[PDB]
Amino acid sequence: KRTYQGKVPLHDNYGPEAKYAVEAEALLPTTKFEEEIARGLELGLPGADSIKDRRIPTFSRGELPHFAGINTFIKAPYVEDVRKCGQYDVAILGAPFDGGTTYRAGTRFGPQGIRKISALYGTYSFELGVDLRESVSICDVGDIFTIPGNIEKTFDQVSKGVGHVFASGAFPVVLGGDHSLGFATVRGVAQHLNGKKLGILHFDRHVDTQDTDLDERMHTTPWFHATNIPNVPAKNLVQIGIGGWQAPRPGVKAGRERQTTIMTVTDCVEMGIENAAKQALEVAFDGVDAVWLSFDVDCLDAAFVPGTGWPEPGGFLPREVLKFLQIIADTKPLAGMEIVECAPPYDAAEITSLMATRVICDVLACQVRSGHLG
Amino acid sequence: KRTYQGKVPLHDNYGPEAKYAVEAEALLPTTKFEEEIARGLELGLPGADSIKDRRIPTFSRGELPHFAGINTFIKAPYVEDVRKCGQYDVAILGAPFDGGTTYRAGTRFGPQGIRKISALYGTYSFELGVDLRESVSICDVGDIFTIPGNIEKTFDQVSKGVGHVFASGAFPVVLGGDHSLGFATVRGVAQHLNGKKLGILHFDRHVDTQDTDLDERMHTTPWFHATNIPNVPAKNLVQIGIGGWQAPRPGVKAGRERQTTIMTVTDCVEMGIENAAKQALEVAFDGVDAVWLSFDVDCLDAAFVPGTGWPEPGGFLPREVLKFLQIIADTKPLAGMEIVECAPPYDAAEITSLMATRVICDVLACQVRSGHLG
Amino acid sequence: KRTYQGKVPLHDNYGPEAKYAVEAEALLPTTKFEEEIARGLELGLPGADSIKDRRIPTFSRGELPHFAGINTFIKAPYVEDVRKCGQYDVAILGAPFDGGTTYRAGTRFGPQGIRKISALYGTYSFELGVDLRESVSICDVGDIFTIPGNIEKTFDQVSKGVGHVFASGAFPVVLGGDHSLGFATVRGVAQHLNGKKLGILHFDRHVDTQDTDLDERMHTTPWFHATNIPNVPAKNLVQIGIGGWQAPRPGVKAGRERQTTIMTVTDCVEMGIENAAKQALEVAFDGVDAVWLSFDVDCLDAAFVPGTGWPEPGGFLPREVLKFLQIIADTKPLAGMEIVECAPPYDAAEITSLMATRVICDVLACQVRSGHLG
Amino acid sequence: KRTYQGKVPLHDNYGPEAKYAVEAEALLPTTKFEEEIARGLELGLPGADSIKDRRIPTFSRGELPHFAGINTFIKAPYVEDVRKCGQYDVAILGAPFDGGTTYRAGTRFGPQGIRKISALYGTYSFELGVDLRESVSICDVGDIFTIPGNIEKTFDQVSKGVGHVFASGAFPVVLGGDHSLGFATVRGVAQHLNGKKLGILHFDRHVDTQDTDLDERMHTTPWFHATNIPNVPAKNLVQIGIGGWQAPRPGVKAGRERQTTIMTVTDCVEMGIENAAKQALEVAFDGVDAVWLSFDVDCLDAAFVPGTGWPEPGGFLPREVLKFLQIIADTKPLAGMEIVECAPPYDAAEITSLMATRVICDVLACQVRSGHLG
Amino acid sequence: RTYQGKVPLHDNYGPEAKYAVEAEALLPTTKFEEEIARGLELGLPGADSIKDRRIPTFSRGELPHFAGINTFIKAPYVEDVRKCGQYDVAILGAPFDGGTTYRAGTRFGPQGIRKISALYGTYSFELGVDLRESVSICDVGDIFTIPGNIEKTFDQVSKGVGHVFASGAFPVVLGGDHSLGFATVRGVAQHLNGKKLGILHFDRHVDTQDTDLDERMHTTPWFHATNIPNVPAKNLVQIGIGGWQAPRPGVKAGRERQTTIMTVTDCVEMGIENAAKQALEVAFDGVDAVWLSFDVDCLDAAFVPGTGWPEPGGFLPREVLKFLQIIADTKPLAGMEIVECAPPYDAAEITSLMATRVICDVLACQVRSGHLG
Ligand SMILES: [Mn+2]
Ligand SMILES: [Mn+2]
Ligand SMILES: [Mn+2]
Ligand code: NI
Ligand code: NI
Ligand code: NI
Ligand code: NI
Ligand code: NI
């Protein structure tokens with residue numbers, strides 16, 4: 001795994017992860033930092049004469065200040081002409097929709113809330129030893145034009161937009177929006193695999209595998225419909241964290257018949273997260289190369305993700321699920337990801353949007369350092 | 001314990017709890033589900049012609065939609081004539097009172113907040129393998145007419161109402177309301193045990209065993225006065241989670257003199273929750289058959305139960321206390337239960353009321369699956 | 001002055017303002033609407049086949065949906081190269097700073113909160129009869145790189161940035177940020193008036209005219225230092241709304257010595273808003289052509305602007321101050337404006353940022369319809 | 001009437017209130033300010049060498065900074081020895097109790113919330129022309145030891161403490177706490193009037209004149225029992241603002257039988273606030289020696305006082321009730337006052353506690369400038 | 001800390017509970033009785049209908065918890081700061097957020113901590129300590145901070161903290177942003193007579209870069225503190241570093257200066273008892289005086305939502321409280337600061353509650369282990 005390598009001499013009082021991290025930082029380049037500084041001084045003017053740090057412009061035009069600037073995800077460039085998204089390693093897009101919600105709405109603002117709090121972050125992860133600014137190009141293409149009155153029209157919009165981004169070669173990060181969108185995203189991706197199969201790593205307390213809910217393909221039905229697609233095999237759908245009082249019986253039945261794999265929170269913690277991640281990877285990637293990551297923020301215990309429509313006690317703790325994701329994203333390439341169910345109206349201190357931002361950034365960083373992205 | 005039995009063939013990549021759960025669901029009946037659907041169409045009219053799912057009425061009458069309907073606890077039937085409560089296996093009642101609180105008030109709304117968020121839940125628990133709708137009859141008899149200006153009059157009201165419900169043969173679930181009510185609930189139950197003894201399983205960070213507080217029998221005093229009752233032995237009062245800066249010295253002294261049993265959070269986690277539950281059960285049931293469960297939401301770490309009047313860091317984590325409760329409620333029958341100190345005005349995303357709802361449902365489900373109820 | 005003209009025949013049951021408004025709408029062009037629709041489809045792809053309204057792209061690119069898209073002020077174009085701001089009639093810029101606040105901080109997020117809620121608005125005002133999309137070009141140049149640890153360095157940044165925008169010819173709209181910044185904005189503008197004089201229309205409960213506060217030139221001091229500038233005469237500083245318990249005595253004294261004009265809330269409502277506006281305009285523009293509008297959201301009664309660091313009861317009601325602003329902005333050209341003290345952390349449902357947005361838009365609309373802008 | 005006097009020359013562009021205010025400030029002394037500065041430097045040490053303002057200590061001791069310091073009401077000295085309260089013109093005391101509430105609790109924190117936000121204020125009112133620091137001595141004696149579980153014991157405590165303060169000669173300002181306490185405060189005052197009679201100016205949407213409520217003397221009953229006291233005549237109870245859906249019929253009946261006077265909000269606004277105040281004063285002071293001011297924050301429209309247990313639409317607007325109170329407190333001496341029903345748990349922006357603080361300071365300032373206090 | 005057999009107890013108690021129940025039975029009540037007597041004198045005896053004759057008319061001590069003027073745990077306010085040396089412990093606030101690089105609001109940290117601190121009694125069950133009986137605590141209020149000038153604020157904070165530390169009282173500084181750590185350590189170091197000062201720093205952020213937005217903000221305190229001659233960077237132990245907000249220039253400067261860093265995962269995997277041993281060994285190596293700098297952000301965001309720079313993956317409460325207890329039991333501390341609590345982002349006050357708990361547990365362990373009082 002990731003340990004101190006002896007390339008940069010360091011004293012022995014460091015913890016093991018810290019020692020890896022401090023050395024790793026010393027070996028990272030600064031080229032893209034220098035470019036952003038130079039661009040900011042050109043576009044935002046040199047700072048006033050009383051500013052001692054001559055890297056500081058008059059107008060904010062990069063990372064700093066964190067509390068300033070137009071809110072794109074982690075202050076990535078806004079790509080207005082979406083046909084250019086293939087020029088970037090990673091494309092963030094939003095799917096602001098909550099017509100698939102069976103309890104609270106509000107996740108239509110998921111994309112806005114995630115973008116907003118993502119400004120708090122720098123470009124660099126200490127323990128992962130990655131500086132995204134130096135190692136990958138990220139853009140934000142904004143939001144799908146969703147259709148609140150009609151979930152089927154919304155699916156069509158999301159499949160087309162996500163399919164466009166996936167076909168361009170950029171790694172799509174979809175900010176939801178409720179979990180019904182997982183059907184539309186997977187449907188768009190599967191349309192561009194040339195018949196190859198797509199597995200799914202699904203983090204959620206909810207099984208999301210029933211046919212209809214309140215007479216529509218709501219957030220409780222995405223994987224029933226997705227695994228009806230010929231090149232999306234249900235045997236490669238791995239459902240991580242199922243439990244509680246909101247996994248509906250019709251969804252459990254359909255998943256049994258289709259032979260999805262389920263691992264409860266207790267299953268994963270009792271076996272060890274490292275073992276749980278190995279088992280999930282082996283199933284999801286069995287006989288398939290492309291795997292989609294679908295992360296519902298509700299798989300965390302409610303106290304860590306209060307801003308969601310279907311909160312549940314007894315979920316994962318952050319260090320558990322972040323380790324799980326890091327192992328996944330270090331070990332295998334991913335076709336893309338979506339993070340769904342963040343509902344800012346129920347998230348007063350933005351800690352749910354914060355968690356979602358963290359999940360995205362850890363996944364991207366691990367994809368990068370393990371050679372799967374960039 | 002609860003493991004896969006081989007009655008329903010299943011592949012080998014399920015986690016152990018998930019494998020048990022998927023099999024268990026396949027063996028559950030659907031009779032009560034079908035009855036509710038049929039009744040809903042009768043009471044709420046057939047749905048409009050454009051509705052494809054003909055199980056859907058015009059007016060919501062039953063579980064769905066979760067965001068709709070009159071808010072009884074888990075949408076159980078309201079039993080206006082409280083003399084009929086004996087017709088049900090379980091009777092939910094509220095005790096909306098906060099005149100016993102020594103810091104923040106607000107738990108007068110505990111019953112309303114618990115009932116409100118209870119709608120989010122289905123009738124079925126995945127990992128416990130139980131569908132309450134199929135296995136037990138539950139009613140909601142509303143609230144005790146509490147007396148905010150007079151804690152003693154409130155006690156008399158609560159003892160009379162709880163005593164009535166307990167004497168009817170229904171399993172009482174009391175929604176608090178502050179912990180002073182634990183005296184009144186136990187006093188009413190003990191009146192109907194034909195002289196038999198009553199033990200108490202008390203989950204809380206606070207001992208609640210002093211004589212008076214601010215000159216009255218407030219939430220720090222219930223078990224001092226409960227264990228003065230001749231058939232309520234203090235040696236069978238087991239206090240789980242005691243710790244922090246709010247266990248008052250006079251309560252500690254009185255509990256010592258009466259020989260109550262205390263296990264701190266750290267005690268329980270270090271020994272192992274399974275071992276802690278075994279020890280608690282042995283002490284509480286030693287020479288008594290009837291045991292009352294008194295659950296203070298404050299026994300959870302503050303972050304999981306922000307909506308309480310006396311929050312404390314360093315409490316249980318949800319998976320710890322839920323396992324504790326599951327073992328208790330699987331191993332022994334309970335005389336009844338109360339869940340106290342939920343204060344919605346300090347609970348923005350309703351995660352405290354959500355925790356309380358989950359505690360009730362897990363306890364009921366374990367009582368049912370283990371043959372103690374329904 | 002704005003009444004039905006008889007150019008568009010209308011029935012007689014309309015109210016007078018409605019009759020003006022309905023006729024005015026019928027006379028507005030749609031050219032820029034059509035251009036934005038066409039551009040959106042080009043940049044955002046045609047909508048999916050199931051979408052009937054073929055004006056809808058796959059990706060949101062323009063006004064719709066209001067809940068979608070990157071949050072620039074009223075979804076104006078982000079102008080990354082601030083050297084291009086002179087190409088627009090109006091340039092929005094933020095000054096995210098709260099080192100000048102003497103009670104609550106949080107107005108560093110004022111620009112972000114105003115931009116966010118501004119998406120709720122369309123481009124057209126019913127009762128003012130103005131469609132900004134058709135009549136004026138607006139851009140958003142982002143934020144000044146403020147210096148939270150040093151108010152003087154922040155002033156220097158703000159004066160340089162605002163001076164640049166004002167010098168370019170664009171009408172600057174400065175989103176604050178606390179009222180200390182009033183000094184730095186006026187200082188920047190006055191540097192570019194060719195020695196001509198600058199009056200100030202100041203809406204606030206607070207006089208903001210003392211020398212220092214907590215040893216620095218904080219939000220209680222901006223007009224003391226602004227009127228020390230040779231071409232900023234204190235006799236043309238009109239202070240509208242002063243009152244309550246937070247107008248410090250040293251500020252009252254200095255304003256008296258310098259002969260600023262003050263009208264309290266009660267003065268204005270007692271005389272009539274129309275008369276109050278006449279008096280304020282008469283004084284501010286006496287012997288000067290250029291006047292700066294400095295609007296503190298705290299001049300509204302606290303209930304309308306809870307998200308501010310220095311709230312006060314007894315302020316203006318919205319219809320009173322909006323009428324005041326409309327008369328000002330119809331009657332005379334303005335050199336620019338700033339809206340300060342919006343503090344989103346204290347603004348739960350964003351009604352303070354909503355008020356700020358409304359003030360900007362009414363002022364711009366009145367400048368446009370009266371031939372002072374665009 | 002308070003008008004410009006021509007004692008301090010001023011230009012003619014000032015509004016009438018502003019002209020009176022600017023002159024009035026120029027005539028106020030600074031003696032007590034200078035004493036506070038000197039005391040602060042002694043007790044808080046001189047500030048660091050880099051501080052230019054040599055009035056600034058190292059430790060905050062006095063008014064500034066407003067965001068700093070121990071929260072007494074408007075940072076008045078805490079008088080720990082309550083036997084010394086007679087040494088002050090005005091004594092603030094809290095009654096933290098909400099056992100008399102018939103809907104929401106939370107007003108037990110009224111005193112704390114009012115004290116907290118009161119730090120925002122200076123010592124001087126612009127439009128009233130009063131500097132409390134220079135003209136009256138104010139102390140804060142903390143809180144009555146209330147008895148949450150027993151409203152009658154709470155009444156006895158409140159009567160004893162308020163009686164003590166009133167008998168000492170200090171003007172009592174009682175921070176509530178629910179309106180049940182109005183009985184206990186008036187009972188304590190009446191005990192020390194030596195047979196002289198007491199009128200009551202009662203601001204509220206609720207009559208608060210029934211016998212019992214939920215079997216106790218709750219906030220709907222204070223004036224039924226107060227006017228049973230021989231020297232508290234019901235004909236001198238003037239009830240200002242009654243209306244809505246929470247004025248109970250038994251209270252209306254009892255007030256009718258006892259011939260209290262009621263003026264609704266619409267009555268007062270339609271007749272004119274100046275005329276309403278004259279009528280209320282006439283009735284309250286008719287044939288009595290002293291009048292008690294009982295102000296329920298609920299008499300304001302809910303939007304201005306969201307933090308209360310019994311909010312109602314259609315109440316007073318701030319400028320209406322502040323004028324009403326100013327006329328009362330300028331025209332007649334008052335025996336004391338209570339401000340009740342502020343409930344901080346429902347007051348997220350603190351604007352309710354702000355309104356309460358403003359009411360107190362306006363009443364005090366008018367008592368002082370009109371020769372009734374100090 | 002185990003049951004000692006001094007007070008006979010039955011065998012069904014958990015081990016910590018058994019220690020606790022015995023320990024309470026051995027605590028005195030002298031200072032309790034003095035507080036009761038003082039309250040009746042100063043607040044009057046209660047009304048005749050009150051049966052408990054310890055209850056005054058006016059609240060004047062611990063009770064009721066929801067009542068009274070909010071000093072830290074209702075300790076006496078010491079208006080004359082020249083008298084702070086009469087107390088074992090002196091609480092002071094530093095209400096400043098001009099060092100914050102994202103959210104402000106921590107200027108109210110001191111007010112929010114004082115407010116929620118009223119909920120506590122004077123006694124800890126599992127630590128077996130009654131602070132009212134064993135240590136004298138005062139609250140001297142707040143430093144007069146300077147919101148528009150971070151450097152002037154540092155000078156005020158160094159002068160006030162230095163005064164309190166020089167008086168002999170144990171200073172507890174309520175922040176305020178972590179920029180203030182430079183100023184507090186600077187003030188303490190002036191008064192060590194050349195003696196060296198180590199630092200135990202609980203945080204997700206290294207806080208070791210030179211400037212940030214052109215000033216010495218909350219990301220820079222330890223760069224400038226370890227430039228002080230008697231503040232060795234080798235004795236700066238940084239516990240909890242991780243996430244996406246540990247800036248690269250801070251990591252570089254700490255590497256060059258040879259600070260020690262142990263991530264949350266490092267501590268949890270090695271065991272908190274082992275992590276505390278290692279941290280104490282490094283911090284106290286060749287130094288007697290060690291300062292405790294606790295950023296509330298070292299806890300997972302969900303436990304400390306009221307902060308300007310929250311981060312997932314932090315410590316859980318029982319982990320960090322054990323860590324702190326071992327530190328504060330094993331070694332004396334020169335003082336402590338608790339920083340970054342931002343009440344405007346703390347709706348149910350759970351962040352200020354955590355901060356209060358950290359302070360009380362540290363003080364209680366210092367007392368019971370003979371380092372204070
Ligand atoms: Mn889910
Ligand atoms: Mn009322
Ligand atoms: Mn930190
Ligand atoms: Ni889901
Ligand atoms: Ni309890
Ligand atoms: Ni202002
Ligand atoms: Ni009332
Ligand atoms: Ni820090």
Side-chain angles (χ1 to χ4, degrees), chain D residues 39-40 42-52 56-62 64-65 67-72 77-84 93-97 108-109 111-112 115-116 119 140-148 150 152-161 164 348, chain E residues 38-39 41-51 55-60 63-64 66-71 76-83 92-96 107-108 110-111 114-115 118 139-147 149 151-160 163-164 347:
Chain D
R39 180 165 180 98
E42 205 170 68
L43 300 181
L45 313 178
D49 287 345
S50 61
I51 310 311
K52 190 38 208 163
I56 291 175
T58 292
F59 291 84
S60 177
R61 291 295 188 271
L64 305 174
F67 53 76
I70 301 303
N71 291 110
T72 38
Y78 178 46
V79 171
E80 207 188 332
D81 189 348
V82 78
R83 312 169 281 171
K84 298 183 177 195
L93 62 164
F97 178 75
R108 66 176 62 193
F109 287 110
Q112 173 193 80
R115 286 183 177 105
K116 179 188 149 115
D140 190 330
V141 299
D143 293 338
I144 303 287
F145 191 131
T146 55
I147 310 293
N150 191 319
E152 292 295 329
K153 287 179 180 175
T154 288
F155 289 164
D156 292 349
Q157 292 281 83
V158 171
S159 293
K160 180 173 182 166
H164 170 85
Chain E
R38 172 177 353 121
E41 160 149 300
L42 299 181
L44 312 180
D48 285 349
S49 62
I50 309 306
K51 300 302 142 166
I55 290 175
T57 292
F58 290 81
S59 176
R60 286 294 186 270
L63 301 180
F66 54 78
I69 304 300
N70 293 114
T71 37
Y77 177 60
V78 170
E79 199 190 350
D80 186 348
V81 296
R82 295 164 301 170
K83 298 183 171 186
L92 69 154
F96 178 74
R107 67 176 61 190
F108 290 114
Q111 180 189 66
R114 287 183 175 105
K115 178 184 185 256
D139 191 332
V140 299
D142 291 336
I143 301 288
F144 192 127
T145 55
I146 309 293
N149 191 317
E151 291 297 327
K152 288 180 182 179
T153 289
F154 289 163
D155 292 346
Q156 294 281 83
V157 172
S158 293
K159 183 176 181 165
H163 169 84
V164 173

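The basis for the numbers below is simple: all heavy atoms, side chains too, and nothing from hydrogens, waters or symmetry mates. Letters A, B, ... are given to chains in the order of the sequence lines, protein chains preceding strands, and every chain is numbered from 1.
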Chain E contact via D:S159 - which portion, at a heavy-atom distance below 4.5 Å: neither

NZ-NZ distance between D:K153 and E:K51, expressed to the nearest 0.5 angstrom: 7.0 Å

Check: E:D48 main-chain N/O paired with D:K160 side-chain donor or acceptor under 3.5 Å: no

Flag side-chain contact, heavy atom, 4.5 Å: D:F67 against E:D142: no

Check against side chain to side chain contact (heavy atoms under 4.5 Å, CB included), E:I55 and D:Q157: CA-CA 10 Å; E:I55 290 175; D:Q157 292 281 83; 3.8 Å; yes

For the student: nearest non-hydrogen atoms of E:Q111 and D:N71, plus distance: NE2-OD1, 3.1 Å

Closest heavy-atom pair and its distance - E:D155, D:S50: OD2-OG, 2.6 Å

E:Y77 portion near chain D, given a 4.5 angstrom heavy-atom threshold: side chain

Which atoms of E:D139 approach chain D - backbone, side chain, both or neither, heavy atom under 4.5 Å: side chain

For chain E, the option from D:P96, D:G40, D:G94 that forms the most heavy-atom pairs under 4.5 Å: D:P96

Part of D:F59 lying under 4.5 Å from any heavy atom of chain E: both

D:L64 portion near chain E, given a 4.5 angstrom heavy-atom threshold: both

Part of E:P110 lying under 4.5 Å from any heavy atom of chain D: neither

Worked verdict on D:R61 versus E:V140 for side chain to side chain contact (heavy atoms under 4.5 Å, CB included): CA-CA 10 Å; D:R61 291 295 188 271; E:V140 299; 4.0 Å; yes

Chain D contact via E:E79 - side chain, backbone, both or neither, heavy atoms under 4.5 Å: both

Contact class of E:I143 relative to chain D, heavy atoms under 4.5 angstrom: both

Contact origin within D:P148 toward chain E - heavy atom pairs under 4.5 Å: side chain

Intermediate values then yes/no, side chain to side chain contact (heavy atoms under 4.5 Å, CB included), E:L44 and D:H164: CA-CA 10 Å; E:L44 312 180; D:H164 170 85; 3.9 Å; yes

Top of D:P57, D:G142, D:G44 for chain E proximity - count of heavy-atom pairs under 4.5 angstrom: D:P57

Greatest number of heavy atom pairs closer than 4.5 Å to chain E - which of D:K116, D:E152, D:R115: D:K116

Region of E:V78 in contact with chain D, defined by heavy-atom distances below 4.5 Å: backbone

